[PDB]
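A quick write-up on the structure given underneath.
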Amino acid sequence: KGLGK
Amino acid sequence: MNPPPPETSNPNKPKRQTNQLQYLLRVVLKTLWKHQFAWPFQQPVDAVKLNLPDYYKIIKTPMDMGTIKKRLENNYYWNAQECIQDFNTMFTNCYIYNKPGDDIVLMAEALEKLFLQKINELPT
Amino acid sequence: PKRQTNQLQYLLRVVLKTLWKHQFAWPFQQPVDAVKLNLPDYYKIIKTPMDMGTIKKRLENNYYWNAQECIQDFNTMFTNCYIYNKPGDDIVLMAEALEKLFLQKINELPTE
């Protein structure tokens with residue numbers, strides 16, 4: 001789910 | 001004020017449709033595909049892996065670029081407009097399921113922008 | 001002595017605006033919320049945290065006096081990202097494009 005932070 | 005004369009070339013002729021589908025594959029999809037943000041859209045949403053067990057309950061017509069690419073490559077579509085609708089469903093699905101402001105939504109919006117920019121240049 | 005206002009107005013209305021409104025702006029528009037993102041150690045590895053939200057408020061409140069300060073805050077934001085994240089990460093690619101643009105914009109900065 002997302003930029004992968 | 002006399003209007004444009006009636007059509008003399010027929011939009012249903014095969015190449016007119018194939019040329020549009022080809023532009024959707026080679027220009028439109030391809031551009032979106034090479035974008036840094038494509039990767040979460042290159043395959044169907046993997047509900048199990050990402051652990052989102054309501055996804056397929058909420059989203060009734062899943063769509064992703066990998067599936068669109070396949071359809072474009074395998075005689076699925078009658079016309080470009082059907083393909084355009086699959087893109088729209090892909091974006092809409094993401095906006096429906098996710099919270100405004102989530103990374104994924106912001107990434108879909110950047111894709112949708114580029115998509116709309118390229119669609120504007122579809123040959124007719 | 002002299003507040004470098006001409007340079008700082010350029011920074012707010014030309015430079016900041018451009019990066020603020022860029023497609024890749026959002027991760028940088030506020031300080032890194034390390035709770036929400038569960039980066040427990042962020043604030044142990046980044047000792048000088050910096051973001052455009054903070055730069056923006058500063059420029060808007062005449063916080064700054066020197067142009068070089070504000071320009072250095074941008075540099076710190078970009079470096080903060082490269083030190084905390086692996087090269088190739090989506091966020092690193094974003095920071096890179098924002099930086100190249102900033103460098104581009106900074107080149108036309110007015111003179112003191």
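Just the heavy atoms: all of them, side chains too, but no hydrogens, waters or symmetry mates, feed the values below. Each chain gets a letter, A, B and so on, in the order the sequences are listed, and its residues count up from 1.
Side chain of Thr67(B) to main chain of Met63(B): no donor-acceptor pair is present (N/O by atom type, distance under 3.5 Å, no hydrogens or angles). Proximity of a side-chain donor or acceptor of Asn10(B) to a complementary backbone N or O of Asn12(B) within less than 3.5 Å is detected.
Using a 4.5 Å heavy-atom threshold, the side chains of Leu72(B) and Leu29(B) count as touching. Within the 4.5 Å cutoff, the side chain of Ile104(B) has no heavy atoms near those of the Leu3(A) side chain. Within the 4.5 Å cutoff, the side chain of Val105(B) has no heavy atoms near those of the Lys99(B) side chain. Annotation: side chain of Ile58(B) is in contact with side chain of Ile96(B) (closest heavy-atom distance under 4.5 Å). Using a 4.5 Å cut-off on side-chain heavy atoms (C-beta onward), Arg3(C) and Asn62(C) make contact.
A distance of 8.5 Å separates CD in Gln36(B) from CD in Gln23(C), rounded to the nearest 0.5 Å. With rounding to the nearest 0.5 angstrom, the CG atom of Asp64(B) is 12.0 Å from the SG atom of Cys94(B). Taking NZ from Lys56(C) and NZ from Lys17(C), the interatomic distance works out to 10.5 Å, rounded to the nearest 0.5 Å.
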Exercise for review: Please report the C-alpha distance between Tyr42(C) and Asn80(C) in whole Å, then the side-chain angles of each, then the deciding distance to 0.1 Å, and finally whether the side chain to side chain contact (heavy atoms under 4.5 Å, CB included) criterion is met.
Suggested key: CA-CA 10 Å; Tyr42(C) 185 73; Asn80(C) 289 353; 4.2 Å; yes

Point to revise | side chain to side chain contact (heavy atoms under 4.5 Å, CB included) evaluation trace for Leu25(B) with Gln22(B) | key: CA-CA 5 Å; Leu25(B) 177 72; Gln22(B) 286 307 286; 4.2 Å; yes

Review point. Is there a side chain to side chain contact (heavy atoms under 4.5 Å, CB included) between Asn38(C) and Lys5(A) once you walk through the steps?
Key: CA-CA 8 Å; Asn38(C) 179 41; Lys5(A) 99 76 171 287; over 6 Å; no

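Nearest heavy-atom pair, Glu7(B) versus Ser9(B), reported as atom, atom and distance to 0.1 Å: CG-O, 3.4 Å.
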Donor-acceptor contacts, no H, no angles, side chain residues 37-50 of chain B, under 3.5 Å, sequence neighbours left out:
residue: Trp39(B); atom: NE1; partner: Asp90(C); partner atom: OD2; Å: 2.8
residue: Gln42(B); atom: NE2; partner: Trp33(B); partner atom: O; Å: 3.3
residue: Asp46(B); atom: OD1; partner: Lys49(B); partner atom: N; Å: 3.4

Tell me which donor-acceptor pairs under 3.5 Å the side chains of residues 78-91 of chain B have, and how far apart each pair is, sequence neighbours excluded?
residue: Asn79(B); atom: OD1; partner: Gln81(B); partner atom: N; Å: 3.1
residue: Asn79(B); atom: OD1; partner: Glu82(B); partner atom: N; Å: 3.1
residue: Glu82(B); atom: OE1; partner: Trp78(B); partner atom: N; Å: 2.7
residue: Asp86(B); atom: OD2; partner: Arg71(B); partner atom: NH1; Å: 2.7
residue: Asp86(B); atom: OD2; partner: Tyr77(B); partner atom: OH; Å: 2.6
residue: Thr89(B); atom: OG1; partner: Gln85(B); partner atom: O; Å: 3.0

N/O donor-acceptor pairs under 3.5 Å from side chains in residues 94-107 of chain C, not counting sequence neighbours:
residue: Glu99(C); atom: OE1; partner: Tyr82(C); partner atom: OH; Å: 2.4

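The only option from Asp89(C), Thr79(C), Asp41(C) that meets the side-chain hydrogen bond (donor to acceptor under 3.5 Å, both in side chains) definition with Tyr84(C) turns out to be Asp41(C).
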